[PDB]
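Right, one structure below, let's go through it.
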Amino acid sequence: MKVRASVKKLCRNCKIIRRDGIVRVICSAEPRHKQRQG
Amino acid sequence: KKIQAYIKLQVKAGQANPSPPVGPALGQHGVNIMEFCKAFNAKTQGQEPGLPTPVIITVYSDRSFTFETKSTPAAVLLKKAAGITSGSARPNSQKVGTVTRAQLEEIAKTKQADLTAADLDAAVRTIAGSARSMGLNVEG
Amino acid sequence: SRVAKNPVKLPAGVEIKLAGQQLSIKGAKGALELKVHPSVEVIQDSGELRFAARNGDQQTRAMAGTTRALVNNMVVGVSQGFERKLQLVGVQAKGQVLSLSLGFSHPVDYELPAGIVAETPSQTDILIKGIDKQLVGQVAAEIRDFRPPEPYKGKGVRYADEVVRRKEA
Amino acid sequence: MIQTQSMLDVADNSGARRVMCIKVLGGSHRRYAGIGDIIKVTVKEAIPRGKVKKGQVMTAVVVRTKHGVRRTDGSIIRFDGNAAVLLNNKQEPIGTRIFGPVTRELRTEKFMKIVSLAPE
RNA sequence: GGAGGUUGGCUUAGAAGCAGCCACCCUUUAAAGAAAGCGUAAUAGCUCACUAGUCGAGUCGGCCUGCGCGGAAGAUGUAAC
RNA sequence: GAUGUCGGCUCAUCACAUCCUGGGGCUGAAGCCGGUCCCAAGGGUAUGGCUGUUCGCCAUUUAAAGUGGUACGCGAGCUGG
């Protein structure tokens, strides 16, 4: 992961979701652009 | 086969054998290397053999490679129109001494505007932005 | 367009058990797929079906929609058998028990529950047959807990599509 | 030998006459080393020209203790004098001769060169 | 979905739409960025706009403000209603 | 009208911001090793040469020789350099 305080849409396939209380960012292309909380 | 236009290729005219100006040219959006040797050779000896004369090709997988008609070679004979072979080091500010429209007189003679312009006077303004390639401005 | 607001247009090979409080379905090529329907849902019947909410809160707008798609593949799961083409290296299939060799010095065996069944129609592909997609996708994830795809070369089990992030060293 | 600061004779061929244990190898708070165990020595006394010199941190296998070593019937075998055989970083002996007896707890895969030279 | 010529540049296993260097409009005619960049790291597979017949609808971005969510780790024992 | 130092010894107890062991994400992670970030406090977590030392510098270990709080824990338990 990339646990930050500031999660973003780092790419255009990077997508922010809210999964049981935590503001996560999935990326369907690159697993480098995945963040957990912010 | 998927095409998007304006495809660059750096190969010799009339003979598909000299490679290293592009070398291995073809791996991702076209049709392969060695067999371009005949498509150039239904139109020969009127279009400046030897010197560079640039191209926009379009590609087919059906034994056919056909192009965008302009009879008079009018991009590097514009370097011959002024008198250079190496271009200017920066486009349209840094100069060698610019070209005018009275040195566009021989070039606009037989370029056959029917398939590249509207009428013959419109094809004169084709090279009014084609020496807009090489650190020159077309003023007149 | 919203997903529950359109009628289902179901085929006429599957006989429904209209409950109002519940939902049970049955047919040929599979049966026994009853789903306990929740409170905030209406079922309006015709020659086709349609689903609806009850009250203007965003929780049942997610529930009426998830119920039509859960009974979309419950009709189709009795109509057709769900499949997946798991591609790997070496399948020794036997029957209701599955035998595999994924890169280890331990040959791990895997079991198939009731309902589902496993056959090997190709050399090294695994194809699956089941009447509910919830369990069909479940057992294709149970095989990938053994072996993730390697980025550098790629060993063992994959998905059916190819979105595997490959890496060079 | 058994513990650190312990001083012990030299059972192999060339170099030292007395070595002192400066570390018992093995575990972490490991405090004793019997026959077959590996210690860390320093050369306290040596011959005028040999393969080791006085003052040299080396490794040695314990071959012959006064505490002794016990057999499986309960019998003990117990020597009059402490002695080790110095080793290189291969944990292969440096000298080409072994002096005095050794025990059969030493004819393992790593120390049977010491046993094959010993006049046991 | 797909242009009817002839290497758009001092380089030479290999130099587009991503190298210390930069960019705006001329057709057999209803037809379109000599380009802002993930790609089979690169070349022979592929992604944001359609002047459009065809599936048929209420959408896409910002601002003001209400209450909440992460940012939030500590030592005797819940232990900041 | 007294709450008697620093360090060692003996005994600890809690924290987690984890040194080892256990589970993971990403990697400019081929593998062997690592880097970095999560989750995790169950149990472990040196011995000496110098110096009054804490530390430190060194020798050799170890799976590892963690960081803090506890009147810089502890003298009606010791020592007294």
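Residue numbering restarts at 1 for every chain of the structure tokens, chains are lettered A, B, ... in their displayed order, and ligands are numbered from 1 as they appear.
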Spatial neighbours of residue 41 in chain D, max dist 8 Å, only C-alpha atoms (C1' of nucleotides), sep filter under 4 positions, as a ChimeraX atom specification = /D:19-23,56-60
task = Pick out each residue of range 3-107 of chain D that DSSP on the backbone tags as strand (DSSP E); I need them as a VMD selection string.
result = chain D and resid 7 to 10 16 to 24 38 to 46 57 to 64 69 to 70 76 to 77 83 to 87
Polymer residues at most 12 Å from residue 39 in chain F, only C-alpha atoms (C1' of nucleotides), same-chain spacing of 3 or more positions, as a PDB file with N, CA, C and O atoms (P, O5', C5', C4', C3', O3' and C1' of nucleotides), in the first residue's frame:
ATOM      1  P     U F  18       7.045   0.757  15.486  1.00  0.00           P
ATOM      2  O5'   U F  18       8.436   0.013  15.633  1.00  0.00           O
ATOM      3  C5'   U F  18       8.953  -0.321  16.916  1.00  0.00           C
ATOM      4  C4'   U F  18       9.710  -1.624  16.883  1.00  0.00           C
ATOM      5  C3'   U F  18      10.042  -2.161  15.489  1.00  0.00           C
ATOM      6  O3'   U F  18      11.330  -2.775  15.506  1.00  0.00           O
ATOM      7  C1'   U F  18       8.782  -3.762  16.677  1.00  0.00           C
ATOM      8  P     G F  22       9.588 -16.312  10.888  1.00  0.00           P
ATOM      9  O5'   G F  22       8.079 -16.033  11.299  1.00  0.00           O
ATOM     10  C5'   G F  22       7.279 -17.069  11.842  1.00  0.00           C
ATOM     11  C4'   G F  22       5.852 -16.636  12.037  1.00  0.00           C
ATOM     12  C3'   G F  22       5.175 -15.976  10.856  1.00  0.00           C
ATOM     13  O3'   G F  22       4.778 -16.878   9.846  1.00  0.00           O
ATOM     14  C1'   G F  22       4.716 -14.732  12.773  1.00  0.00           C
ATOM     15  P     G F  23       4.861 -16.423   8.315  1.00  0.00           P
ATOM     16  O5'   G F  23       3.602 -15.478   8.126  1.00  0.00           O
ATOM     17  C5'   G F  23       2.292 -15.973   8.319  1.00  0.00           C
ATOM     18  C4'   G F  23       1.261 -14.893   8.148  1.00  0.00           C
ATOM     19  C3'   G F  23       1.254 -14.163   6.824  1.00  0.00           C
ATOM     20  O3'   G F  23       0.681 -14.907   5.771  1.00  0.00           O
ATOM     21  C1'   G F  23       1.032 -12.609   8.562  1.00  0.00           C
ATOM     22  P     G F  24       1.256 -14.743   4.286  1.00  0.00           P
ATOM     23  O5'   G F  24       0.429 -13.519   3.697  1.00  0.00           O
ATOM     24  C5'   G F  24       1.079 -12.474   2.991  1.00  0.00           C
ATOM     25  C4'   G F  24       0.396 -11.149   3.210  1.00  0.00           C
ATOM     26  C3'   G F  24       0.733 -10.068   2.202  1.00  0.00           C
ATOM     27  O3'   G F  24       0.001 -10.184   0.998  1.00  0.00           O
ATOM     28  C1'   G F  24       0.960  -9.183   4.355  1.00  0.00           C
ATOM     29  P     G F  25       0.731  -9.957  -0.410  1.00  0.00           P
ATOM     30  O5'   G F  25       0.705  -8.380  -0.605  1.00  0.00           O
ATOM     31  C5'   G F  25      -0.525  -7.699  -0.769  1.00  0.00           C
ATOM     32  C4'   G F  25      -0.339  -6.207  -0.813  1.00  0.00           C
ATOM     33  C3'   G F  25       0.623  -5.680  -1.858  1.00  0.00           C
ATOM     34  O3'   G F  25       0.073  -5.627  -3.158  1.00  0.00           O
ATOM     35  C1'   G F  25       1.050  -4.622   0.194  1.00  0.00           C
TER      36        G F  25
END
Find the spatial neighbours of residue 30 in chain A, counting only C-alpha atoms (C1' of nucleotides), within a cut-off of 12 Å - ignore same-chain residues fewer than 3 positions away - and output them as a PDB file with C-alpha atoms (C1' of nucleotides), in the first residue's frame.
ATOM      1  CA  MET A   1       0.000   0.000   0.000  1.00  0.00           C
ATOM      2  CA  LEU A  10      -3.076   9.615  -9.373  1.00  0.00           C
ATOM      3  CA  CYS A  11      -3.900   8.319 -12.858  1.00  0.00           C
ATOM      4  CA  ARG A  12      -7.126   8.352 -14.829  1.00  0.00           C
ATOM      5  CA  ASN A  13      -7.779   4.656 -14.237  1.00  0.00           C
ATOM      6  CA  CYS A  14      -7.098   5.313 -10.545  1.00  0.00           C
ATOM      7  CA  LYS A  15     -10.437   5.232  -8.726  1.00  0.00           C
ATOM      8  CA  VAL A  25      -7.927   4.202  -4.010  1.00  0.00           C
ATOM      9  CA  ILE A  26      -7.906   1.269  -6.448  1.00  0.00           C
ATOM     10  CA  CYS A  27      -5.937   1.386  -9.697  1.00  0.00           C
ATOM     11  CA  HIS A  33      -0.955   3.828  -7.376  1.00  0.00           C
ATOM     12  CA  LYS A  34      -2.922   2.126  -4.610  1.00  0.00           C
ATOM     13  CA  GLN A  35      -3.533   4.022  -1.368  1.00  0.00           C
TER      14      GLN A  35
ATOM     15  CA  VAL C 163      -4.716  -8.064 -17.249  1.00  0.00           C
ATOM     16  CA  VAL C 164      -1.658  -9.523 -15.515  1.00  0.00           C
ATOM     17  CA  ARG C 165       0.838  -6.788 -14.642  1.00  0.00           C
ATOM     18  CA  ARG C 166       4.137  -8.128 -15.971  1.00  0.00           C
ATOM     19  CA  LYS C 167       7.502  -6.815 -14.796  1.00  0.00           C
TER      20      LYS C 167
ATOM     21  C1'   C E  38      -0.348   4.099 -19.891  1.00  0.00           C
TER      22        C E  38
ATOM     23  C1'   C F  26       4.379  -2.140  -3.242  1.00  0.00           C
TER      24        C F  26
END
request  = Would you mind listing what lies within 7 Å of range 68-70 of chain C as number ranges by chain, with only C-alpha atoms (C1' of nucleotides) counted and same-chain residues fewer than 4 positions away left out?
outcome  = C: 4, 51, 64, 74
Residues as selected, N, CA, C and O atoms, written as a CSV table (one decimal), in the first residue's frame, can you do that?
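The result, stored in selection_23.csv:
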chain,number,residue,atom,x,y,z
C,4,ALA,N,-33.0,-1.6,-11.6
C,4,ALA,CA,-34.1,-2.3,-11.2
C,4,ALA,C,-35.4,-1.7,-11.8
C,4,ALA,O,-36.5,-2.4,-11.7
C,51,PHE,N,-39.0,-5.2,-10.3
C,51,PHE,CA,-38.8,-5.0,-8.9
C,51,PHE,C,-38.9,-3.5,-8.6
C,51,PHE,O,-38.8,-2.7,-9.5
C,64,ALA,N,-33.0,-2.8,-4.1
C,64,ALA,CA,-33.9,-3.2,-5.2
C,64,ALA,C,-33.1,-3.5,-6.5
C,64,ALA,O,-33.4,-4.4,-7.2
C,74,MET,N,-29.7,-15.9,-11.3
C,74,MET,CA,-30.4,-17.0,-10.8
C,74,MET,C,-31.3,-17.6,-11.7
C,74,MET,O,-31.6,-18.9,-11.7
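Nearest to chain A of all the residues E:47, E:59, E:78, E:29 is E:47, based on only C-alpha atoms (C1' of nucleotides).
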